[PDB]
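J.: Can you keep this structure in mind? I'll have questions shortly.
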Protein chains: 6
Amino acid sequence: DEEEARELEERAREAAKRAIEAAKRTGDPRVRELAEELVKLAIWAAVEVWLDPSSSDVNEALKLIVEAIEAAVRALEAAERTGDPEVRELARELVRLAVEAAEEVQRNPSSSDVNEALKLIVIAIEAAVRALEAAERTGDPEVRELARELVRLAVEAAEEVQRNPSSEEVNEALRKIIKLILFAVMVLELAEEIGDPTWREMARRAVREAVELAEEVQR
Amino acid sequence: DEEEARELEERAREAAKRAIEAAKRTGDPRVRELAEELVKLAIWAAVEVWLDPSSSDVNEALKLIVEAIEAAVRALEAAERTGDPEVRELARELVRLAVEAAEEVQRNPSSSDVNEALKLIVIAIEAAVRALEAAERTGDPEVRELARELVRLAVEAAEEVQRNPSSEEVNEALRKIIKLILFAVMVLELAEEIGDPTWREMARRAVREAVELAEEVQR
Amino acid sequence: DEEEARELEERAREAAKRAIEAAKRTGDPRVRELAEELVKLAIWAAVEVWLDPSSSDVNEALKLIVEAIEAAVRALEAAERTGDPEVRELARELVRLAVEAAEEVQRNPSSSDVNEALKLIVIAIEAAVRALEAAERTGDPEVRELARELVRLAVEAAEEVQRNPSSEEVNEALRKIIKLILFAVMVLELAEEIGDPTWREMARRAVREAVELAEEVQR
Amino acid sequence: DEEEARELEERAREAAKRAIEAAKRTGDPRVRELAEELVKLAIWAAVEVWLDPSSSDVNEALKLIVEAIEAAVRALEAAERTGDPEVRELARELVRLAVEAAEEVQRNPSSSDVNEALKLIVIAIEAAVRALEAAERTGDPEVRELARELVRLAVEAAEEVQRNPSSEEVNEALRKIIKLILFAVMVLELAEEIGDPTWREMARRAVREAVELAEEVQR
Amino acid sequence: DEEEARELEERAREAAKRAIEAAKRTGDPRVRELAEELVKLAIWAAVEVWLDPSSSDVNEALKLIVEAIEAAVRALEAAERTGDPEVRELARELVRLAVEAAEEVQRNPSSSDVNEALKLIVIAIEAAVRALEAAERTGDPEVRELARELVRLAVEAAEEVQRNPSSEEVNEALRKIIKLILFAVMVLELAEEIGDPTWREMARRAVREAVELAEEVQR
Amino acid sequence: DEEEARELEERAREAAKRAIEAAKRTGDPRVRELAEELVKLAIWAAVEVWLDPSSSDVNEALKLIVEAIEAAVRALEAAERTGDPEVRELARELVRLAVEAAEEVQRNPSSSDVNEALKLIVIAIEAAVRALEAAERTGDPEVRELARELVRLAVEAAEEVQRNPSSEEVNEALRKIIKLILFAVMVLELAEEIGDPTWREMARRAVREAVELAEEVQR
């Protein structure tokens with residue numbers, strides 16, 4: 001499968017290049033260390049993919065990893081694009097969660113629960129970046145505070161799923177949280193597409209239910 | 001199956017957008033609440049489809065659901081397009097039946113009888129909307145009263161199938177009812193295509209048999 | 001198999017439309033009742049095909065049925081096209097046999113013998129219509145009386161196969177009859193293609209053998 | 001397999017048409033009776049193919065039969081094209097052997113030995129017609145007498161294989177005879193392609209061996 | 001597999017035609033007898049292929065045989081093209097070995113060892129013809145004497161493999177001989193492509209090792 | 001699989017031709033002997049591939065071998081292209097390791113460990129040539145000394161894997177070494193693509209860790 005191999009490889013290279021560009025752009029020591037901790041596992045992906053072609057477990061690990069990296073760099077980029085301190089530190093810790101999970105993957109390529117944990121975290125990151133993009137496109141204060149709210153939700157849920165791979169019940173609660181966050185961001189996108197704030201209020205109801213849930217999920 | 005995944009997803013998005021457009025158009029609190037109760041399960045479809053790609057039961061549930069939604073929005077739309085109070089409230093309760101069944105689906109993705117119940121209700125809704133379109137195209141009073149008649153039949157049959165998923169005998173009677181309704185609407189379409197009222201009288205005979213049946217099916 | 005589904009559906013619709021056109025054209029109460037008894041099972045085919053897609057027994061029943069209908073409408077059409085009373089009543093009872101068999105099918109979708117009986121009757125009808133078309137193209141008196149003769153044979157054979165699905169021996173005799181009729185109509189077509197009456201005399205010998213056989217097949 | 005069905009059917013029709021054309025052309029009562037005995041089984045092929053589509057044994061019988069017919073009509077045609085009495089009666093009895101074998105096939109569609117017997121006879125007929133065509137193209141007296149010789153061989157071998165389907169030893173001897181005849185006609189074609197009579201003498205040696213063999217094969 | 005059948009058949013015909021052309025060209029009684037002994041088995045290939053299509057053992061025998069024939073005619077052709085007596089008689093006995101092996105094949109179509117023996121001999125013949133072509137293209141005396149040398153090797157190895165199909169040890173020694181000959185001719189072709197005699201000396205070393213081996217392989 | 005066969009064959013021929021060109025270009029007795037020891041196994045690959053087509057183990061051995069050869073000739077070429085004595089002797093012994101492993105392969109086509117050893121050595125060679133190309137493109141002194149460093153690493157690792165095919169622990173340590181070398185060369189390429197020396201310092205850290213590891217791997 002040299003075609004898929006080279007495809008994944010170029011994806012990894014593109015991820016790393018975009019990460020390094022963003023890091024140079026920000027001129028921030030923290031973002032710098034983050035981008036380095038990211039490009040490292042990107043290049044390690046490339047190496048592992050190379051040495052042993054046509055091996056399915058390894059290939060599966062590699063594709064999911066490079067996907068996570070694309071997500072995280074999108075997140076870092078849009079974060080600095082917004083420029084708001086609160087959301088900036090939020091997304092920074094978010095991408096940190098991403099790279100920590102990916103590191104746990106690179107240490108263990110056949111532990112199912114950590115694979116699924118990275119999956120969930122990738123989804124949460126895509127959710128947060130969708131929300132931030134929507135907020136930027138509308139440029140609406142209430143939309144912005146709601147985006148901060150659900151990004152808080154996303155980072156807290158990802159933190160919790162990162163802490164313990166175990167605990168069925170906590171796992172299901174976190175899965176439901178992620179579902180609610182995705183729901184909120186989708187309905188926000190739709191409300192933006194029609195330009196109606198009433199469904200934005202519906203979304204506010206949805207995320208209010210979500211955060212009330214997450215509160216008890218903390219314990 | 002990312003191709004089918006994205007296809008279903010865009011279908012769900014298009015359904016929700018058309019629903020919201022119709023709701024804004026009508027400016028009716030009732031239709032508003034209906035469209036909201038609809039777009040909710042549409043977006044929930046999108047989320048569930050996303051989180052777990054390539055899982056067949058979930059995919060099967062999602063496609064059938066978005067089909068039901070397309071049907072219901074067509075129904076709501078053509079209903080307000082006609083403007084007649086009787087048929088308007090009729091189609092409104094019809095789409096309510098649709099969304100209640102779909103909700104029961106979203107609560108349970110592997111109960112066969114409720115899957116088949118939604119199937120039947122979708123069919124009945126397609127039947128009713130076909131009848132209303134035919135009536136609109138001909139613009140004939142007798143055609144209109146017959147359309148009201150078989151729409152009454154459709155809503156009553158759907159109500160009954162919604163009430164109990166069980167009871168083989170009631171199930172078969174309702175299935176036969178739906179078959180007769182489809183038969184009537186097809187033969188009406190044909191009579192419209194040739195412009196002959198004699199086969200409209202044949203259709204009247206058919207639906208008369210159908211409603212006489214449904215009467216005893218009530219008990 | 002939505003492609004084959006829609007194909008069969010449009011075939012059924014086209015059959016019904018052509019039937020209704022022919023019935024309007026003839027202005028004959030008998031042909032009218034026949035066309036109605038036909039369009040009914042055509043539309044019932046459409047309904048049954050719809051409700052349960054991708055179910056093989058039902059699909060098999062539907063395709064064979066719509067084929068029978070195409071055959072019968074061709075037969076009714078060419079019959080009134082010829083205008084001769086004898087052959088007209090003949091073909092009328094022929095299409096009646098067709099629709100009676102099709103009705104027996106719609107009542108029972110998994111009885112093999114009646115499936116095969118409809119098959120044979122469809123074949124006989126195609127044979128008769130081929131013979132009538134050939135006679136019309138040549139416009140030859142002897143050809144016309146021979147066509148009447150073998151159409152008599154066809155209607156009698158179809159009547160007998162309709163009477164009893166059972167009785168191996170009568171079944172084989174009727175099958176041989178149908179084979180001989182097809183043979184006669186083919187060799188007549190060929191003789192027409194070359195314009196030689198000598199092979200028409202050979203065909204006369206063939207059908208003479210056929211009718212002598214059918215005589216004892218009556219008992 | 002409607003495509004292959006219609007293909008075989010048109011092949012049968014074309015065979016019969018060419019046969020009838022040739023028969024009309026010759027104006028010979030004998031050739032007339034032959035062409036009739038041929039077109040009969042051609043049309044019977046068409047019928048049997050029709051009634052029971054997608055049945056492999058029947059299909060296999062039909063294709064082989066129509067192939068035999070194409071061969072025999074080619075043989076009858078080229079025979080009358082040459083005009084020499086000896087070879088004319090020879091090829092006439094040849095095609096008679098062909099149609100007798102084909103009749104035995106139409107009576108029994110699953111007797112292997114008669115299938116193989118028709119196969120061998122078809123091959124022998126193709127051989128004889130190849131030889132006659134080659135002789136016609138060269139227009140050489142010695143070539144013509146050699147063609148008469150190996151056609152005698154072919155008709156005698158076909159007669160013998162027609163007599164008894166059994167007798168392994170006689171079967172193998174006849175198979176070897178057919179092989180030698182094919183060999184002779186091929187090497188004659190080649191010698192014709194280069195225009196060298198020396199290899200014609202080699203072919204004469206080959207057929208001399210062949211006929212010496214056939215002599216003892218008679219007993 | 002009528003496509004592959006006709007392909008093999010035309011290949012056989014082309015082989016025979018080229019052989020006969022070469023034989024006519026040389027005007028040599030010996031080459032004449034050789035070409036005849038060749039065209040015979042070519043045409044016999046065609047016959048056997050014909051009578052029993054889609055039979056794998058026979059097909060396998062036929063393709064390998066026609067390949068051997070193509071090789072041998074190439075060899076005879078290039079031999080007379082060179083015009084040197086020594087190599088001429090050499091290649092003549094070479095093609096004689098080829099046709100003797102092919103005859104043994106036509107007598108026995110399922111003896112594995114003789115199949116492999118023909119395989120090896122075909123390879124050796126391709127080797128010799130490659131060497132002769134290379135020598136002709138360079139037109140170098142030392143290249144010519146080396147070509148004579150390795151052609152001697154090839155004919156001796158082929159003679160030995162023809163003598164006994166058995167004897168694992170002699171078989172492996174002959175296989176190694178053929179490998180060394182192929183190696184020498186390839187490295188000679190390469191040296192010719194770059195125009196460097198140093199690798200020609202390397203090739204001389206290779207073939208010297210080869211012939212020293214073959215010496216003891218004689219006993 | 002004649003297509004893949006001819007593909008591999010032409011690959012082998014192209015490898016040998018490029019090798020001989022490079023050897024002629026350098027005019028160095030050592031490089032000359034190396035290129036000869038290389039072209040020998042290239043041509044032996046071609047022979048073995050030829051004699052036994054469609055045999056998977058042999059085919060697998062052949063493709064991997066010709067890949068190794070392409071790598072080694074690239075290495076020899078770029079080495080003489082750089083012109084630095086240290087790296088020149090380094091790459092020379094490198095390609096010597098390559099050809100020794102390939103020879104061990106040609107002696108044994110089904111020993112797994114030596115297959116994997118050649119695999120690793122091929123990877124290391126591709127790594128070294130990537131590093132040398134990168135250094136040439138940047139033309140940076142520090143880059144050049146780092147390239148010399150990791151090439152030392154590569155040659156030492158390849159030497160060790162060549163020594164013993166056994167010893168799981170030494171095998172895993174060498175595999176990790178190769179991974180680190182690939183990592184370093186990739187991150188160097190990236191740093192070159194962006195023109196930033198900071199990630200070059202990161203690469204220096206990586207290779208420093210690598211060489212500290214290799215030190216203890218020596219014992």
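Starting from 1 in every chain, residues are counted up; chains themselves are A, B, ... following the order of the structure tokens, and ligands are numbered from 1 as listed.
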Determine which residues of chain B sit within 12 Å of chain A, taking into account only C-alpha atoms, and present them as a VMD selection string.
T.: chain B and resid 9 12 to 24 32 to 33 35 to 37 39 to 53
J.: Can those selected residues be exported to a file as a compact mmCIF listing (two decimals), in the first residue's frame so that it contains N, CA and C atoms?
T.:
```
# COMPACT_ATOMS: atom_id res chain seq x y z
N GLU B 9 -24.83 13.09 6.07
CA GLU B 9 -24.66 14.30 6.87
C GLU B 9 -25.22 15.52 6.14
N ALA B 12 -28.93 15.51 6.13
CA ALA B 12 -29.48 15.97 7.39
C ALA B 12 -29.44 17.49 7.48
N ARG B 13 -28.32 18.07 7.06
CA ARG B 13 -28.17 19.52 7.11
C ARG B 13 -29.18 20.21 6.20
N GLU B 14 -29.37 19.67 5.00
CA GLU B 14 -30.32 20.24 4.06
C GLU B 14 -31.74 20.14 4.59
N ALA B 15 -32.08 19.00 5.18
CA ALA B 15 -33.39 18.85 5.80
C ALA B 15 -33.62 19.93 6.85
N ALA B 16 -32.66 20.10 7.76
CA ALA B 16 -32.81 21.07 8.83
C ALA B 16 -32.94 22.48 8.28
N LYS B 17 -32.14 22.81 7.26
CA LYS B 17 -32.18 24.15 6.69
C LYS B 17 -33.54 24.43 6.06
N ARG B 18 -34.05 23.48 5.28
CA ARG B 18 -35.36 23.67 4.67
C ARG B 18 -36.44 23.79 5.72
N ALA B 19 -36.33 23.01 6.80
CA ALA B 19 -37.30 23.10 7.88
C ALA B 19 -37.30 24.49 8.50
N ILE B 20 -36.11 25.01 8.80
CA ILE B 20 -36.02 26.33 9.42
C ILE B 20 -36.53 27.41 8.48
N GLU B 21 -36.23 27.29 7.19
CA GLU B 21 -36.78 28.24 6.23
C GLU B 21 -38.30 28.23 6.26
N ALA B 22 -38.91 27.04 6.20
CA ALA B 22 -40.36 26.95 6.22
C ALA B 22 -40.93 27.55 7.50
N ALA B 23 -40.30 27.26 8.64
CA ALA B 23 -40.79 27.78 9.91
C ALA B 23 -40.74 29.30 9.93
N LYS B 24 -39.62 29.88 9.49
CA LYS B 24 -39.55 31.34 9.38
C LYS B 24 -40.63 31.87 8.45
N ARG B 32 -43.49 26.60 14.43
CA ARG B 32 -42.17 26.89 14.98
C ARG B 32 -41.72 25.79 15.93
N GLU B 33 -42.57 25.47 16.92
CA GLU B 33 -42.23 24.41 17.85
C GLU B 33 -42.00 23.09 17.13
N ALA B 35 -40.92 22.62 13.95
CA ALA B 35 -39.65 22.68 13.25
C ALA B 35 -38.48 22.55 14.22
N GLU B 36 -38.63 23.08 15.43
CA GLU B 36 -37.56 22.93 16.41
C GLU B 36 -37.44 21.48 16.86
N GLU B 37 -38.57 20.86 17.22
CA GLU B 37 -38.55 19.46 17.61
C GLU B 37 -38.03 18.57 16.49
N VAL B 39 -35.59 19.78 13.83
CA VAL B 39 -34.18 20.10 13.65
C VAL B 39 -33.35 19.51 14.77
N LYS B 40 -33.92 19.38 15.97
CA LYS B 40 -33.17 18.78 17.06
C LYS B 40 -32.73 17.37 16.71
N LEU B 41 -33.67 16.52 16.29
CA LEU B 41 -33.30 15.14 15.98
C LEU B 41 -32.49 15.06 14.70
N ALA B 42 -32.66 16.01 13.79
CA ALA B 42 -31.78 16.05 12.62
C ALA B 42 -30.32 16.24 13.04
N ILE B 43 -30.07 17.23 13.89
CA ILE B 43 -28.70 17.49 14.33
C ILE B 43 -28.18 16.35 15.19
N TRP B 44 -29.05 15.76 16.00
CA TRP B 44 -28.63 14.60 16.77
C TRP B 44 -28.26 13.45 15.86
N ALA B 45 -28.96 13.31 14.73
CA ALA B 45 -28.56 12.33 13.74
C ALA B 45 -27.14 12.61 13.30
N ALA B 46 -26.88 13.85 12.87
CA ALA B 46 -25.53 14.20 12.43
C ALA B 46 -24.49 13.83 13.48
N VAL B 47 -24.75 14.17 14.74
CA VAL B 47 -23.74 13.86 15.75
C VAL B 47 -23.50 12.36 15.84
N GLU B 48 -24.58 11.60 16.04
CA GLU B 48 -24.39 10.16 16.24
C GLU B 48 -23.68 9.54 15.04
N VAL B 49 -24.00 10.00 13.82
CA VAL B 49 -23.36 9.48 12.61
C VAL B 49 -21.88 9.74 12.67
N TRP B 50 -21.52 10.95 13.09
CA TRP B 50 -20.13 11.34 13.17
C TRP B 50 -19.38 10.43 14.12
N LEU B 51 -19.76 10.40 15.40
CA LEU B 51 -18.86 9.85 16.41
C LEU B 51 -18.38 8.44 16.05
N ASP B 52 -19.24 7.62 15.45
CA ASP B 52 -18.98 6.19 15.23
C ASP B 52 -19.20 5.84 13.77
N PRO B 53 -18.27 6.21 12.89
CA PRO B 53 -18.42 5.85 11.48
C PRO B 53 -18.24 4.36 11.26
```
J.: Just how far from atom CA of residue 133 of chain D is atom CA of residue 73 of chain E, in Å to one decimal?
T.: 29.5 Å
J.: Provide the atom CA of residue 107 of chain D to atom CA of residue 61 of chain D distance in Å, to one decimal place.
T.: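 Interatomic distance, atom CA of residue 107 of chain D to atom CA of residue 61 of chain D: 11.0 Å.
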J.: Pick out the residues sitting within 10 Å of residue 89 of chain C, and hand them over as a VMD selection string; count only C-alpha atoms, and ignore anything fewer than 4 positions along from it in its own chain.
T.: chain C and resid 76 79 to 80 84 to 85 93 to 94
J.: With N, CA and C atoms kept, could you save the residues just selected as a short mmCIF file (atom, residue, chain, number, x, y, z; two decimals), in the first residue's frame?
T.:
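Generated output (part-v6.cif):
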```cif
data_model
loop_
_atom_site.label_atom_id
_atom_site.label_comp_id
_atom_site.auth_asym_id
_atom_site.auth_seq_id
_atom_site.Cartn_x
_atom_site.Cartn_y
_atom_site.Cartn_z
N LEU C 76 -54.22 -6.77 -26.71
CA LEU C 76 -55.49 -6.07 -26.84
C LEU C 76 -55.42 -5.04 -27.94
N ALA C 79 -55.18 -6.59 -31.42
CA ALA C 79 -56.48 -7.18 -31.70
C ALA C 79 -57.43 -6.15 -32.28
N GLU C 80 -57.65 -5.06 -31.54
CA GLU C 80 -58.51 -4.00 -32.05
C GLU C 80 -57.93 -3.37 -33.31
N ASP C 84 -61.10 -7.77 -36.81
CA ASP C 84 -61.89 -8.94 -37.18
C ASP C 84 -62.61 -9.48 -35.95
N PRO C 85 -63.94 -9.66 -36.01
CA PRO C 85 -64.68 -10.10 -34.81
C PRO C 85 -64.15 -11.37 -34.16
N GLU C 93 -60.71 -12.80 -24.67
CA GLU C 93 -60.67 -13.86 -23.66
C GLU C 93 -59.23 -14.21 -23.30
N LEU C 94 -58.31 -14.07 -24.25
CA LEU C 94 -56.90 -14.32 -23.97
C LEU C 94 -56.39 -13.42 -22.86
#
```
J.: Identify, on the basis of only C-alpha atoms, every residue whose closest approach to residue 144 of chain E does not exceed 8 Å; exclude the query and any residue fewer than 4 positions from it along the same chain; express the result as a list in words.
T.: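 Non-adjacent residues within range: residues 132, 135, 139, 140 and 148 of chain E.
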J.: Using the selection just defined, write its residues with N, CA, C and O atoms as a PDB file, in the first residue's frame.
T.:
```
ATOM      1  N   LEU E 132      24.699 -14.478 -30.049  1.00  0.00           N
ATOM      2  CA  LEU E 132      25.004 -14.286 -31.462  1.00  0.00           C
ATOM      3  C   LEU E 132      24.586 -12.900 -31.932  1.00  0.00           C
ATOM      4  O   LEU E 132      25.316 -12.251 -32.691  1.00  0.00           O
ATOM      5  N   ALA E 135      27.172 -10.430 -30.601  1.00  0.00           N
ATOM      6  CA  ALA E 135      28.384 -10.517 -31.406  1.00  0.00           C
ATOM      7  C   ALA E 135      28.206  -9.820 -32.746  1.00  0.00           C
ATOM      8  O   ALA E 135      29.092  -9.081 -33.193  1.00  0.00           O
ATOM      9  N   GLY E 139      30.463  -6.858 -33.770  1.00  0.00           N
ATOM     10  CA  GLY E 139      31.404  -7.221 -34.820  1.00  0.00           C
ATOM     11  C   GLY E 139      32.841  -7.268 -34.349  1.00  0.00           C
ATOM     12  O   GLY E 139      33.728  -6.706 -35.005  1.00  0.00           O
ATOM     13  N   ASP E 140      33.094  -7.927 -33.218  1.00  0.00           N
ATOM     14  CA  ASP E 140      34.380  -8.005 -32.544  1.00  0.00           C
ATOM     15  C   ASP E 140      34.903  -9.437 -32.546  1.00  0.00           C
ATOM     16  O   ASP E 140      34.187 -10.354 -32.128  1.00  0.00           O
ATOM     17  N   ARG E 148      31.146 -18.342 -29.790  1.00  0.00           N
ATOM     18  CA  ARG E 148      31.320 -19.743 -30.158  1.00  0.00           C
ATOM     19  C   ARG E 148      31.524 -20.605 -28.922  1.00  0.00           C
ATOM     20  O   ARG E 148      30.965 -21.704 -28.817  1.00  0.00           O
TER      21      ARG E 148
END
```
